[PDB]
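Scroll down for the structure; my scribbles are underneath it.
So you know, we letter chains A, B, ... as the sequences are listed, proteins then strands, and number each from 1. We use all heavy atoms of the structure for the numbers below, so side chains are in, but hydrogens, waters and symmetry mates are not. Atoms within a ligand are numbered from 1 in the order they appear, just like the ligands themselves.
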Amino acid sequence: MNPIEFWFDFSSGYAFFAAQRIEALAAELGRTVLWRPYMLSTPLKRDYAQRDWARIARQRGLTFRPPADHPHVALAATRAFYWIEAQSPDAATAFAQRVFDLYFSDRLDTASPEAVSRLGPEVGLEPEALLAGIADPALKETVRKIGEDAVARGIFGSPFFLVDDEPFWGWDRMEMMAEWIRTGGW
Amino acid sequence: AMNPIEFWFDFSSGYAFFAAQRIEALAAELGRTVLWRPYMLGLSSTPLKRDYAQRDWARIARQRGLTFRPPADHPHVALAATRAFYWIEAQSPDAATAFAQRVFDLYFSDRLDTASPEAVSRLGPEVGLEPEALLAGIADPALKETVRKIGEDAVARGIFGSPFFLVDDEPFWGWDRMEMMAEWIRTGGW
Ligand SMILES: N[C@H](CCC(=O)N[C@@H](CS)C(=O)NCC(=O)O)C(=O)O
Ligand SMILES: N[C@H](CCC(=O)N[C@@H](CS)C(=O)NCC(=O)O)C(=O)O
Ligand SMILES: [Ca+2]
């Protein structure tokens, strides 16, 4: 009832490294994490990001491989998360971890309903049902409200963390957020 | 003075301010020097983004106990001070850094209009140069073209934002990366 909110886009390289450390960190700090996927210029700036991600991975001993036409528009994966989530928030976190993990080993088109639905029976969900659910109008309206509520609450970018109403934007802000939680704020 | 950490920034940049309070000491701890390089190239979402940054600056400033009080109409187009830095460097690099240090201190305690040539020239004596000699230099069309060109060319070489640190060819963007960068210098890399 006082979770660390974890707002991210599945196509976010920085969210990938955050996704990954967030669970253990919140455990160390004795908090829960609420995972919240939501939808989101220069060549040289994109060239830098790539260098930075590779540089982060290399240091953490992580394998990191975005697909050739990164970033995917992860609409099917984002709809799938909230579909699962309505049934079981824990299954949804699990599903989210498997998206990041497959996406960033070059193994999942997160825009494809069909490809995303192959992740289901893995959270004990039939592809058919997941497929039906994300093709359901009420869920499509639900996911849209999630992101609009995000805008309305000042949430932008990925990863974005919200703890006790204090916002922290960025992967490199996780230790500051932790220091905020431990001290109670400054 | 051979392989410095290049410190690229905009004077009106809050995050560059905090880097500026830190860079020399880190560099001196690391056994490196710093090449200071100010440049002018450094419903929607940006009201949320601006509003986040000011909140973020205020808390960074509280935590470290630094003065952070931008002019009421922040950010200023810091054209005069940037030009002044390069005019100053021509005469003395060490003085250009002193001048730059001071500009940060003064701008972010609301004591300096960095868009004003007269106001900026007044920092001349503090560095050992005379205000109207400084005002002479920054009024020259060529220096104006030369300053701008440094920024333009930096952009073409893939320098963007504020602050941006280049050490031994390795780019580190943002106040947040000062920590990783230190590690990149100490460990020789990874
Ligand atoms: N994670 C922060 C930055 C986070 C970031 O800029 N991530 C991108 C996606 S990986 C983002 O916020 N989306 C673009 C946007 O801000 O609109 C860092 O350490 O550099
Ligand atoms: N990455 C941020 C810096 C990015 C940012 O929001 N600050 C501005 C200057 S105060 C910037 O670097 N501009 C980047 C751009 O123009 O894209 C940090 O941790 O310092
Ligand atoms: Ca200072």
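Contacts between B:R177 and ligand 1, counted as non-hydrogen atom pairs separated by less than 4.0 Å, involve the side chain only. Only the side chain of A:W169 comes within 4.0 Å of ligand 1, judged by heavy-atom distances.
Compare A:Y14, A:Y48, A:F8 by their heavy atoms: the one nearest to atom 20 (O) of ligand 1 is in A:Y14.
The side-chain heavy atoms of A:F104 and A:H70, taken from C-beta on, include a pair separated by under 4.5 Å.
Between B:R177 and A:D52 there is a salt bridge, since a side-chain N of the basic residue sits under 4.0 Å from a carboxylate O of the acidic one. A salt bridge links B:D153 with B:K149; the closest basic N to acidic carboxylate O contact falls under 4.0 Å. A salt bridge links B:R37 with B:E89: at least one charged nitrogen is closer than 4.0 Å to a carboxylate oxygen.
With hydrogens left out, the protein atom closest to atom 15 (C) of ligand 1 is A:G157 CA, 4.2 Å, a heavy atom. The closest protein non-hydrogen atom to atom 10 (S) of ligand 1 is A:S12 OG, 2.7 Å. Of the protein's non-hydrogen atoms, A:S158 O, 3.1 Å is the one closest to atom 5 (C) of ligand 1.
Atom numbering of ligand 2 starts at 1 in the shown order; those under 4.0 Å from a heavy atom of B:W175 are 18 (C), 19 (O), 20 (O). The ligand atoms of ligand 1 that sit less than 4.0 angstrom from a heavy atom of A:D172 are 2 (C), 18 (C), 19 (O), 20 (O). Of all the atoms in ligand 1, the ones that sit under 4.0 Å from a non-hydrogen atom of A:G170 are 1 (N), 2 (C). Every atom of ligand 1 with a heavy atom of A:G13 under 4.0 Å away is listed here by number and element: 10 (S). Near A:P159, meaning under 4.0 Å from one of its heavy atoms, ligand 1 places the atoms 1 (N), 4 (C).
With B:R32 contributing its side chain and B:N3 its backbone, the two residues share a donor-acceptor pair below 3.5 Å. When atom types are taken as modelled, the side chain of B:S162 and the backbone of B:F9 share no donor-acceptor pair closer than 3.5 angstrom.
Residue B:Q21: an N/O/S atom is found under 3.0 Å from the Ca ion (ligand 3).
The aromatic rings of A:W186 and A:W180 sit perpendicular to each other, their planes meeting at more than 60°, with 30° as the lower class boundary.
For the residue pair A:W171 / A:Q20, no side-chain donor-acceptor distance below 3.5 Å is found, with atom types taken as modelled.
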